[PDB]
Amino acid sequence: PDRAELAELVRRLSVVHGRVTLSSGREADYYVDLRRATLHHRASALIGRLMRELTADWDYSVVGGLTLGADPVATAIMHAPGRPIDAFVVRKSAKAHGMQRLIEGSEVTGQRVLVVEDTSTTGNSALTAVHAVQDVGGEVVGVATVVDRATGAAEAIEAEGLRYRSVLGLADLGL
């Protein structure tokens, strides 16, 4: 029921129907804004729960990713029922202070880390977080995401020796 409850909320909240002229001059009939679910009271509590179950067999104390598409997901996982898991956010530029200048939040040095994102087209953003955690001495145990969009992300993440899992898929969006 949860996967289906979430899947429906993602469709309703995040598939934004309506015609739009892009900067290129092409028109699209819809676009996919996952931030609308990841920041919704109900969809986020489901995301938290389901991403915990999805990764239950992985060994990690810390969850995080690349701002902003990761923050709400990571915090959802942190707040969801179960064993303690802390969070972190990889920035795009360097903090003024500390010994992990691209990483807000919890100390990832010497921890096993889950890397998350709401959705990835290329896996660029996820891998940017993976390497940022890596450069500071964190063990990335895998990457997980709310929605796979079958656009190359899995094979890009798998190419660097890392597991990839998703709660939802292209079919769950309708389209």
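In this text, residue numbers run from 1 along the sequence as written.
A summary of the deposited B-factors shows that, of 120-128 and 57-65, the stretch with the larger mean C-alpha value is 120-128. Averaged over Cα atoms, the B-factor as recorded in the entry is higher for 129-137 than for the other of 129-137 and 40-48. The entry lists a Cα temperature factor for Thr109 that places it in the highest third of the chain's modelled residues. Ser166: CA B factor lies in the highest third for its chain, per the PDB record. Ranked within its chain, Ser14 lands in the middle third, by CA B factor from the PDB record.
Per-chain ranking of the deposited C-alpha B factor places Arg101 in the highest third. In the PDB entry, a CA B factor belonging to the lowest third of its chain's modelled residues is recorded for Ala28.
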